[PDB]
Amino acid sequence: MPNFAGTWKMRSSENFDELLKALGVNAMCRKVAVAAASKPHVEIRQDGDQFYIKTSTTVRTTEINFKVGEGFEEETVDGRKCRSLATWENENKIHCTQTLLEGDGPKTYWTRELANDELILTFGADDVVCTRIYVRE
């Protein structure tokens, strides 16, 4: 029912450096990630529950393909392989639960919500929350 599809550009970021610190990312990498990941561009294709999400920066591009309610594999923000499940949390919000394939680490998740035609991306690592707001371009 909500239409996530389109091209998006990041307008604002809260607590990204703190999220990377909670994931144990070294400052050498955080310094580049915070500079470069200051202006990601996102493309979404959506057909009902079926999604394609591509996030690109000069430093790193990721693409995921998933159906809401079906398991898939992706990476955490710090690049660790995880098994994921996206659920509708409400009519305008996808909540994605994540479990590491290998090893131990903080509990991670992401959410994507459409609110007043803005795309709110939240990432969790234990009790740390990062909020990135995307707008249409």
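Residue numbers here begin at 1 and follow the sequence given.
The stretch 1 to 9 shows the higher mean C-alpha B-factor when 128 to 136 is compared against 1 to 9 in the entry.
The PDB entry records a higher mean C-alpha B factor for 101 to 109 than for its counterpart among 63 to 71 and 101 to 109. Among all modelled residues in its chain, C29 ranks in the middle third by Cα B-factor.
Residue-level temperature factors show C82 in the middle third of its chain, judged at the C-alpha atom. For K39, the recorded CA B-factor ranks within the highest third of the chain. Only modelled residues enter the ranking. Placement of the Cα temperature factor of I120 within the chain: lowest third of the modelled residues, per the deposited record.
Sorting the modelled residues of the chain by their CA temperature factor places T55 in the lowest third.
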